[PDB]
Each structure stands twice: as structure tokens, then as C-alpha cells.
Amino acid sequence: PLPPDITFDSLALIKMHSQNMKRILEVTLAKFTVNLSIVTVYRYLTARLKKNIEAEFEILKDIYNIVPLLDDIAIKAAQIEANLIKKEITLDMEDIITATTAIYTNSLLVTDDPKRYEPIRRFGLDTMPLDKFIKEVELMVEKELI
Amino acid sequence: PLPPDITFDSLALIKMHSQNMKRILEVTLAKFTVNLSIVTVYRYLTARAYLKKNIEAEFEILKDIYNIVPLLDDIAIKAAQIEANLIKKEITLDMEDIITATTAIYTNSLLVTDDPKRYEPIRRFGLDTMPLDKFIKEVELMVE
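Residues numbered from 1 in each chain as written, not as in the entry; some residues may be left out. Chains lettered and ligands numbered in written order. Heavy atoms only, no water.

- In the PDB archive, X-ray crystallography is given as the structure determination method for this entry, at a resolution of 1.75 Å.

Notes on the sheet that holds strand 3 (residues 67-69) of chain B
Sheet strands line up and pair through hydrogen bonds in the backbone, either parallel or antiparallel.
Residues and elements named next belong to chain B.
Then, number 1: Strand order in the open sheet formed by five strands is 3-2-1-4-5, and the pairing between neighbours is parallel. Each edge of the open sheet carries a strand with a single partner, namely strand 3 and strand 5 (129-131). Across the sheet, the mean angle from the axis of one strand to that of its neighbour is 35 degrees, orientation sign disregarded.
Then, number 2: Sheet topology places strand 1 (residues 5-8) next to strand 2 (residues 33-37); two bridges connect them, and they run parallel. The residue bridging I6 from the neighbouring strand is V34, located in strand 2.
Then, number 3: With respect to the sheet, helix 6 (residues 95-106) is in contact with strand 1, strand 2, strand 3 and strand 4 (110-113), its orientation differing from that of strand 4 by roughly 140 degrees. (Pairing = 2+ DSSP bridges. Helix = DSSP H or I, 4+ residues; strand = E, 2+ residues; numbered from the N terminus. Axes fitted to C-alpha atoms, helices over the stretch in contact; angles between N-to-C directions. Contact = heavy atoms within 4.5 Å.)

Re the packing of helix 2 (residues 22-31) of chain A against helix 7 (residues 130-144) of chain A
Residue and element names in this part refer to chain A.
Then, number 1: Following both chains from N to C, one finds helix 2 and helix 7 inclined at 75 degrees, their axes separated by 10 Å at the closest point. Here helix 7 runs roughly perpendicular to helix 2, going by the angle between their axes. Together, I24, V27, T28 and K31 of helix 2 and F133, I134, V137, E138, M140, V141 and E144 of helix 7 make up the contact between the two elements.
Then, number 2: For the contact of helix 2 with helix 7, a count of residues per class yields seven nonpolar, one polar and three charged. (Parallel < 35°, antiparallel > 145°, perpendicular 65-115°, else oblique. Nonpolar A, V, L, I, M, F, W, Y, C, P; charged D, E, K, R; others polar.)

Shown next as C-alpha cells:
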């Protein structure tokens, strides 16, 4: 079964807000606590040129638990990335902070590209492909109603 | 001269903590308020962690001498506002640069960097920068 706390990276969050995902997003918000790193929120607001920024942020802050780049997160992220650099791995800032925040909040990281975060698994990170997450949420709903 | 509030980006910070900059550092810490973005601190500590330093202890020191600025909601908002305005005109900078510059604007801090040119597109939003070499020269005068 899916845990209570989950999170998404920017790309997955963008998909969760697509028009054909409206019902699944509604169910997800009703059943889980979504803990988004402020960096994910930032990337969501930029990659997404269409609407209004400050207004969009208020909406996100109202439906999601936005997690700051807390001191403890900055420290752990530096430790994790330093360990990866030695192993010759290329993760950008957004990915490192997103994964570290997920570990800190004990949230399952839902993403379309779990493989990219694989090197962080040994540090306590748990991931799940977005497609599988969606199917599990669908199954949850079906069980509730049938 | 130099304003009351200043900040450094990652490379400038490294240099400010280097051995032959010890004198300049503490004259800076005594005369100005340095507002460092937590993003800059993260980059700095990543290098220190690679060198197997006790970054928890070093962070405590940074906290005691610098005003560490969180990636505040308002900073995230202003940064997104800036990046999308820049993207409108084929201009793109990495996240660290946008947040660092936005934080300097937010705290009314002069951004001291060894590469002022890459921040040029953000000056239109109110950012003021000063090359590191020039900052060092001015502090040296104060050192007397």
C-alpha cells in the first residue's frame, strides 16, 4: 500500500496538473499529504509562461505542504552530493534538493524518471514511477467504490 | 565606497575563506552585513564535504558570522518572475545564479562576484554587482 507522505519532482507535478489528470489529482490530494520542496515549486512556476506567478504560488501553498530548503536539508544535500561526485555522478541542484527533501520528510518520490535518482536510494530515498503511482491510486479508488 | 549590505556567490565565498584572504575576511565581517543565500551555503558545503570536513560544525560557524537567507517564498516568487521574463527573450541562467541574484535584490545587497558578466541580464531588475578583485582592493584600503 502507498504511504501517507508523497512528493513529486517538477516534471511529474506538471503532469499531475494536466487537464486529463484532474480527477487523479483530486483523489491524490484527498488521500495523501504531498510535501513539495520549495525548489520543485520554483521549477513548477517557471517551466510553467502562461498564468500569473504570485497567484499560482498562493494556490500551491494552499493545497501542498511546501518545504523550505531547511538548514538540515542543505547539510544532508551537501553530504549526499559530495558522495556522488566521488562516484562520478551528475545530479543537478533541483534533483539533489528534491531527493534530499523527500528523505527528510519521509516522502515517497513519484517521478517519471526514477532511474536518475537511483544513486540516492542508498541514502534512504524511495521512489516510484509516476505511471505506477497513478495505477495504484486508481486501484485505491476502485476498491473504495466496488 | 561599499554599501552596508553585501553578499557573495559560491566562487567568491571560497576565495573569501582562503588562507591569504584571512585579513580581508574579518575586516569585511566587522564592517558589513553579509547576506548569503542558503543556496550558496549548500554549494560551499558540498565542496567542504568532499574534503571530508565536519560540515555540521562549519555550518554552525557560518550561521554565527553570516546572515544566512532562506530560499523564502517571496524569493522563490520573485526568482520565478525574473526567470520567466528572461526566458521571454531567449535568456537563461541556472537556478543557483537566479536565486543568488534574486536574494541579493531581496536583501538590498551588493553582489560581489568574480564573474559579474554572467549576472548582467539581471541588472535590469535592480541587481548591483561588483567584481571580486575590486572589492578586495577597496577592503584593503580600509585595512590600512
